[PDB]
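See below for the structure under consideration.
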Amino acid sequence: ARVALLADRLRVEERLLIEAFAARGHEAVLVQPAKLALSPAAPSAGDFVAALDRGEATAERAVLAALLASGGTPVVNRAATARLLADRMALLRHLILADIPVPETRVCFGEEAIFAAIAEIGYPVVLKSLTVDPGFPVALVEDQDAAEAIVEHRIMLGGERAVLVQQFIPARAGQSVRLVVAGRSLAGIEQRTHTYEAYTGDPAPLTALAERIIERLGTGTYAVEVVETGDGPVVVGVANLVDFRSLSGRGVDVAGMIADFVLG
Amino acid sequence: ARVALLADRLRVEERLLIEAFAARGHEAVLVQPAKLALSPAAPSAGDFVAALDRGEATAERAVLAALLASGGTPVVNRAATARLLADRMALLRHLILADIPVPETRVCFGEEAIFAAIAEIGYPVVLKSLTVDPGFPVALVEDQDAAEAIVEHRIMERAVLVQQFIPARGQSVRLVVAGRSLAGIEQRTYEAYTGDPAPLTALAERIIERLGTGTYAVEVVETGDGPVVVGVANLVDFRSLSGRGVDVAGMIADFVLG
């Protein structure tokens, strides 16, 4: 019985998982998705009892999780959750329906709409493609000169016109909170060092937020980016739990929890 | 009582649709998606009884269909049908489950997987992005030279469908679904289909059951073993079919107003 680690190369997190899976009686194996040519009639990546996606959440990895799952190989994160990590639009509507606070957002399907939303929301804002895409990273827009620049760059770089115009809530570095969910429970709370450091504040309110997120969004291996405000916390995004190096450093057995969540 | 025509500009098809809705007591209004900045809480493109998407089916259009429907504006195609027009992967799986013949396909998540699949099925093959993208059109690969050329081109999106390309004389047909039924069959010169419509009419009925009712065109290649479904797209063009006295705009309007 083996376990597939969907990744391109083994890093620190990947070898910690190979220990935790070996400690639990399973041989974790690096499976590079670049070499996967799956057949829709019977998709499979080899003999595996489970697959664990160790890559950045994108649209085709949700496709990969759905194909493998339909073929008999369970995948973490499950396809539907991987879709919420890959699709900012689907995640946004899911958090809204769950009554979880998110920044003011507009869905804009053209250049005019983008400036229409920028006028209504007011500077600053961020432009986010509806689907997580490395070719279009999140774009901060402080003023109209910044707006005319990114809008010109995207018109010039192709035609995936629809973007999200989202209000920017600046954080004093210590309010750049990251809620680490390692399967079934909150593995820890961290804060960015403007590179994740242990949270040095009241952890109960963020724990309550993470517990609602797990209850409504589901269990999995992911990290919720949160920004603390004077009105309360605000969820800005969710991503796959790729970096749990820092949290494992402080004795939190993140890899063990993940290995437990994968085999059950 | 106004209907939104989601399009960048009015062409002959949109003009035929404006008259069809007018003949049915409704004003069809051009609504350019470029100006639409929708609030996710309660999205709205204006006061419209329905929206009819007149553009190419992409993931953004499936999102737009789901958005406007969430706020109380029904959309044709509906979001579930729009998604299958935009998601070649979802369409592939959905047609396979209904035993509807589709070309041999491999889902490849990297460069090494593409050439592995190309070798497994043969030449020629075709390269299709997982979702319909106008910046990555369907790519025909005749030999290992054109294969390695287009692979390098894209890496300047790291997952594609590799699909066996089926040639056709003539024998490449188009099923036109205009609302709730098949409006006609055409063949590639598009002109009127000159074979026997019988097997394609039975296939069209099975397609409609899988994709749902809507406005779309099914690309079919009639081979020796039988008909094979290559793809499905939004019914952007229907000028010639109207010319032959098939009231496509009228059927679409009745489908929208119900």
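Please treat every number below as a calculation from the coordinates, not as lab data. Here the Cβ is made from the backbone with ideal geometry for all residues, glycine too, and neighbour counts use every protein chain on show.
The distance linking the stretch A:1-52 with the stretch B:118-160 is 27 Å (Cα centroid to Cα centroid, whole angstrom). When a/c reaches 1.5 or more, the comparison of a/b and b/c decides; with that in mind, is the stretch B:129-236 rounded, prolate or oblate per its Cα gyration tensor? It is prolate, given that a/c is not under 1.5 and a/b is the larger ratio. At an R0 of 51 angstrom, the distance between the Cβ atoms of A:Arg11 and B:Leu10 translates into a FRET efficiency of 0.40.
Anisotropy class assigned to chain A is oblate, per the alpha carbon gyration tensor with a/c at or over the 1.5 cut-off and a/b no larger than b/c. If amide hydrogens are placed 1.01 Å from N in the peptide plane, which non-local residues have theirs closer than 5 Å to the one on A:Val102? Amide H neighbours of A:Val102, under 5 Å, 5+ apart: A:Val235.
Distances between placed amide hydrogens fall under 5 Å for B:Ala28 paired with B:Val3, B:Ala22, all partners being 5 or more residues away or on another chain.
What FRET efficiency would be calculated for the residue pair B:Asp99, B:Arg180, taking the C-beta separation as r and a Förster radius of 25 Å, to the nearest 0.05? Intermediate results must be reported in sequence, preceding the final value.
On the way: r = 23 Å, r/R0 = 0.92.
My answer for the efficiency is 0.60.
When only the Cβ of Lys, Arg, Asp and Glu is charged (+1, +1, -1, -1), the dipole of the protein assembly as shown relative to its Cα centre reaches about 840 debye. Toward the positive end of the charge dipole of chain B, with +1 on the Cβ of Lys and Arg and -1 on the Cβ of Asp and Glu, the farthest Cα among B:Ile155, B:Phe21, B:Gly179 is that of B:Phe21.
Please report, in debye to the nearest 20, how large the charge dipole of the stretch A:170-264 is about its Cα centre when each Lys and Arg carries +1 at its beta carbon and each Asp and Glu carries -1 there.
Working: 8 positive and 11 negative charges, 25 e Å.
Dipole about the Cα centre, nearest 20: 120 debye.
Which listed residue (A:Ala119, A:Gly72, A:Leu97) has the Cα farthest towards the positive end of the charge dipole for the stretch A:59-187, taking +1 on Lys and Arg C-beta and -1 on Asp and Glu C-beta about the Cα centre? Farthest along the dipole direction, towards plus: A:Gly72.
Taken about its Cα centre, the stretch B:92-144 carries a charge dipole of about 220 debye when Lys and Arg each add +1 at the Cβ and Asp and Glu each add -1 at the Cβ.
Quick check: from the Cα gyration tensor, does the stretch B:1-105 come out rounded (a/c under 1.5), prolate or oblate? It is prolate, given that a/c is not under 1.5 and a/b is the larger ratio. Our coupling estimate for the stretch B:243-258, obtained by passing each phi through the Karplus curve with A = 6.51, B = -1.76, C = 1.60 and θ = phi - 60°, is x, 7, x, 9, 7, 5, 4, x, 5, 4, 4, 4, 5, 6, 7, x Hz, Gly and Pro reported as x.
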